[PDB]
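Q:
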Amino acid sequence: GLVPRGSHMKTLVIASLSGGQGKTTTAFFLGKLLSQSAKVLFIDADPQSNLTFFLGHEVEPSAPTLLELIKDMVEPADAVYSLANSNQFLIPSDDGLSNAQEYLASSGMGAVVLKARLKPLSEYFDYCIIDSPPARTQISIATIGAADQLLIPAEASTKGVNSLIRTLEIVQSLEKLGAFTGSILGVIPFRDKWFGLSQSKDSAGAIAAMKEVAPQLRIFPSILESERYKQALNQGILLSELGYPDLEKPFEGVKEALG
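When the sequence shown is numbered by the authors' numbering, its final residue is 251 and no position is left out of the sequence of numbers.
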């Protein structure tokens, strides 16, 4: 049973055209951090289902997940599961989430299907954090449509700059069509390589080119390349709890920009 409150749930989406463990990382640590003093709803919109795994949830056989919520086969709240933490909940994903592609496309309003599905939950949480799939897919675009704020991780590399660009053009076209009504929180570069005191010229350049391509956008302190992210993720804890609080700073920065 879900306790309703005075809350008007603010939906944040971590979206980026290309394949990146950057979104899932950013969704995990950012959600966990928001849940310190707020009620947070995680949505795992990637058919790879990592966020669901990292948050330590397993989907039982006849259990309704995101797929069932998208296809209107179940009340929204029946796809919301409680987590270990008392402030964190999860609309999971497993195997067949990709069957949502056909359903969404053929509906003729894919990009706003999820936005609709989640309205009912508006009063029950303070935040919704969506980890979107690593492609242009129907789903990909339904998450963007659902967003009040959009956060775009981008690899500090040429591939990352090109992905930032394709993502902004996808967003713009959804805005023109009326699907995307939110604003863009900013870009958060990731896999930024440093060699002690000097950063990789390649990373410095990509990040410099991000500010050029999108001078209107805010570019957050970046996520250093580091195995720690994967280590904490694996044991389901924050980076500060693992012992490396500096790495947590760029996520703190994002939290502070939502308040």
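Ideal Cβ placement from N, Cα and C applies to all residues, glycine included.
1) Tell me whether the stretch 105 to 118 and the stretch -6 to 5 touch, counting them as touching only if at least three CB pairs, one residue from each stretch, are closer than 8 Å.
2) Jot down the residue ranges of each uninterrupted beta strand (DSSP E) in the stretch 104 to 178, minimum 3 residues, whole runs only, in chain order.
3) With DSSP run on the structure shown, which of helix, strand or coil describes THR3?
4) Using C-beta distances below 6 Å, list every residue in its chain close to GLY188, excluding the 5 sequence neighbours before and after it, in chain order.
5) Between the alpha carbons of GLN223 and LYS24, how many angstroms are there, rounded?
6) I want to know whether the stretch 134 to 150 touches the stretch 180 to 200 - three or more CB-CB distances under 8 Å.
7) Would you kindly work out how many angstroms separate the C-alpha atoms of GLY14 and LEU234, rounded to a whole number?
8) Is it the case that the stretch 93 to 105 contacts the stretch 72 to 81, given that we only count it when at least three CB pairs across the two stretches are under 8 Å?
9) Express the C-alpha separation of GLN93 and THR129 in angstroms, rounding to a whole number.
10) Go through its chain and collect everything with a Cβ distance to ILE83's Cβ below 8 Å, but skip five positions before and after it.
11) Which residues bound the beta strand (DSSP E) around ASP36?
12) Taking 7 Å as the threshold (beta carbon to beta carbon), is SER78 in contact with chain D?
13) Answer with buried or exposed for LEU169, where buried requires no fewer than 16 other C-beta atoms within 10 angstroms of its C-beta.
14) With a threshold of 6 Å on Cβ separation, who are the neighbours of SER195 within its own chain once the five nearest residues in sequence on each side are excluded?
15) Are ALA103 and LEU142 closer than 7 Å when you measure CB to CB?
16) Identify every residue that forms a DSSP beta bridge with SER74.
17) Can you find the residues in the same chain that come closer than 7 Å, C-beta to C-beta, to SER27, ignoring five residues on each side of it along the sequence?
18) Judging by CA-CA distance, which residue of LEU9, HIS49 and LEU22 is the nearest neighbour of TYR221?
A: On the basis of the coordinates in this document:
1) yes
2) Look at the stretch 104 to 178 and you find these whole runs of beta strand (DSSP E), each 3 residues long or longer: 119 to 123 and 141 to 147.
3) As a working mapping, residue 3 is identified with position 11 in the sequence shown. In the structure shown, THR3 falls within a strand segment according to DSSP collapsed to helix, strand and coil.
4) Residue numbering aside, residue 188 sits at position 196 when the sequence shown is read from its first letter. Nothing meets the Cβ criterion.
5) Here the question's residue 223 lines up with position 231 in the sequence shown. Here the question's residue 24 lines up with position 32 in the sequence shown. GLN223 and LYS24: Cα-Cα distance of roughly 16 Å.
6) Because the criterion of three Cβ pairs below 8 Å is met, the stretch 134 to 150 and the stretch 180 to 200 touch.
7) Position 22 of the sequence shown holds residue 14. Position 242 of the sequence shown holds residue 234. Roughly 19 Å between the two C-alpha positions.
8) no
9) Working through the sequence shown from its first residue, we reach residue 129 at position 137. Working through the sequence shown from its first residue, we reach residue 93 at position 101. Cα to Cα, the separation comes out at about 7 Å.
10) Counting from one through the sequence shown, the residue named residue 83 turns up at place 91. For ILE83, where only same-chain residues beyond five positions count, the Cβ hits under 8 Å are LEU33, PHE34, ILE35, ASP36, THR57, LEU58, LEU61, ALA71, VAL72 and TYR73.
11) Indexing the sequence shown from 1 puts residue 36 at position 44. Start and end: 32 to 36.
12) Included in the structure is just one protein chain, with no chain D present.
13) Along the sequence shown, read from residue 1 onward, the residue named residue 169 stands at position 177. Its Cβ having fewer than 16 others within 10 Å, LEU169 is exposed.
14) The residue you call residue 195 lines up with position 203 of the sequence shown. Counting only Cβ-Cβ distances below 6 Å, and skipping sequence neighbours, we find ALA148, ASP184 and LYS185.
15) Mapped onto the sequence shown, residue 103 falls at position 111. Mapped onto the sequence shown, residue 142 falls at position 150. No, these two residues do not count as a Cβ contact at 7 Å.
16) Residue numbering aside, residue 74 sits at position 82 when the sequence shown is read from its first letter. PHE81, per the DSSP bridge assignment.
17) Here residue 27 is taken as the residue at index 35 of the sequence shown, counted from 1. So the qualifying residues of the chain are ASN77, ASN79 and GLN80.
18) Taking the sequence shown and counting its residues from 1, one reaches residue 221 at position 229. Checking every option, the nearest Cα to that of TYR221 belongs to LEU22.
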